[PDB]
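Using the working numbering, the letters of the sequence shown correspond one by one to residues 5 to 135. Virtual Cβ for every residue (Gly too), placed ideally from N, Cα, C. Here the structure comes first, spelled out in structure tokens, and everything after it is commentary.
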Amino acid sequence: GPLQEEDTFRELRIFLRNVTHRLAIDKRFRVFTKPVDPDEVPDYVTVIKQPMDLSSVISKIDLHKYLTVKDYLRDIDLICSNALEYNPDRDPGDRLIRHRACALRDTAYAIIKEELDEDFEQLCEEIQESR
């Protein structure tokens with residue numbers, strides 16, 4: 005019973021680790037693989053209320069914080085929305101970060117759309133809703 009449910013969440017974790025690995029090895033996304041350095045960017049922690057990066061995503065998968073795909077994608081979305089907030093200007097440095105941050109998001113959504121069975125996603129939801 006709960007043994008079947010544990011199997012479902014373990015499969016979700018394996019799937020999410022694989023998606024996240026494919027994001028993290030993409031050279032476009034290197035700046036999103038680690039948390040910000042407070043020395044390099046002192047005001048980041050004050051401007052961005054919910055910092056998120058791919059190392060933190062891996063930590064949360066292993067802590068069992070993602071019981072659904074939607075919960076995982078909320079944090080992926082945070083990676084892109086944080087970059088849009090922190091680097092909003094027209095200069096090429098800001099535009100490049102925004103372009104990469106939301107290509108990361110788009111790539112994650114596209115992998116899930118192509119490879120995640122919708123019925124598996126739905127089962128994760130209905131298990132979590134019964135908790």
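First and last residue of the alpha helix (DSSP H) that includes residue i?
i: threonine 50; result: 48-51
i: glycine 97; result: 96-119
i: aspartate 123; result: 122-133
Only counting the same chain, and skipping five residues up and downstream in sequence, which positions put a Cβ closer than 6 Å to that of residue i?
i: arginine 26; result: none
i: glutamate 9; result: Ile131
i: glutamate 125; result: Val73
Take residue i and list the residues in its own chain whose beta-carbon comes closer than 7 Å to its own, dropping the five residues that flank it on each side.
i: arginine 17; result: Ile65
i: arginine 32; result: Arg104 and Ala107
i: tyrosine 90; result: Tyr48, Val51 and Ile52
i: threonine 12; result: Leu127, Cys128 and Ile131
i: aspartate 57; result: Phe36, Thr37, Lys38, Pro39 and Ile83
Using the Cβ count rule (16 or more neighbours within 10 Å means buried), how would you classify residue i?
i: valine 73; result: buried
i: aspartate 47; result: exposed
i: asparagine 86; result: buried
i: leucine 71; result: buried
i: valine 45; result: exposed
Apart from the five residues on each side of it in sequence, which residues of its chain come closer than 8 Å, Cβ to Cβ, to residue i?
i: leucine 120; result: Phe19 and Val73
Any 3 or more C-beta pairs closer than 8 Å across the segment 104-119 and the segment 20-37: yes
Using 8 Å as the threshold, is the segment 109-123 in touch with the segment 77-95, meaning 3 or more CB pairs across them? yes
Identify every run of the alpha helix (DSSP H) within the segment 8-88, keeping only runs that are complete inside it and at least 4 residues long; order them along the chain. 48-51 and 58-66
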